[PDB]
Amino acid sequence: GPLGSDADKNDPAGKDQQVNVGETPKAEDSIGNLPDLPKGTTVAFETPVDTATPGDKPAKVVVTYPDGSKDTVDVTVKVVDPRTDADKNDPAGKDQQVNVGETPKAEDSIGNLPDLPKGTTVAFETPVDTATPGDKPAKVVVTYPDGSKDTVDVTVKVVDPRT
């Protein structure tokens, strides 16, 4: 019947690429075997890739051959945030007051817990000594959901209730 099309002859290969938040990915970087394909073959994303948020993005690369025939390739574009949760957040430390013998909670030594990501945890680097009154220096370790950590310097004021 007719002589075959360029798409009838070739099969383009999908390739996963990695980019940063705000970076625009190139279709060429999503195709492995571009030299196996004919000279003059162009590659483009069917849908311009969204890189405003991190995460694995689904994409379609349209392969237009010199004769006009086209092939569609399904790929994944890995979008990553170069800035960690520790870069994206600033914990507001609070100096807390307790009585002699009371155990202080690290939660009560950080005032902006909801401003921090969901799943973030707070603990004292070293347990606070409350056996005697006075201003006890402490460090609250803020462990973010991405694994990153911030460290806040606070004061635990220990008071004698019979004074």
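One rule holds for the numbers: they count along the sequence shown, beginning at 1.
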Mean C-alpha B-factor comparison - 34 to 42 and 61 to 69, higher one: 34 to 42
Look up the CA B-factors in the entry and say which stretch, 48 to 56 or 127 to 135, has the higher mean. 48 to 56
B-factor third for the C-alpha atom of residue 14 within its chain: highest
Chain thirds by Cα B factor, record data; residue 94 belongs to the middle
On the chain's distribution of Cα B-factors, residue 102 falls within the third called lowest
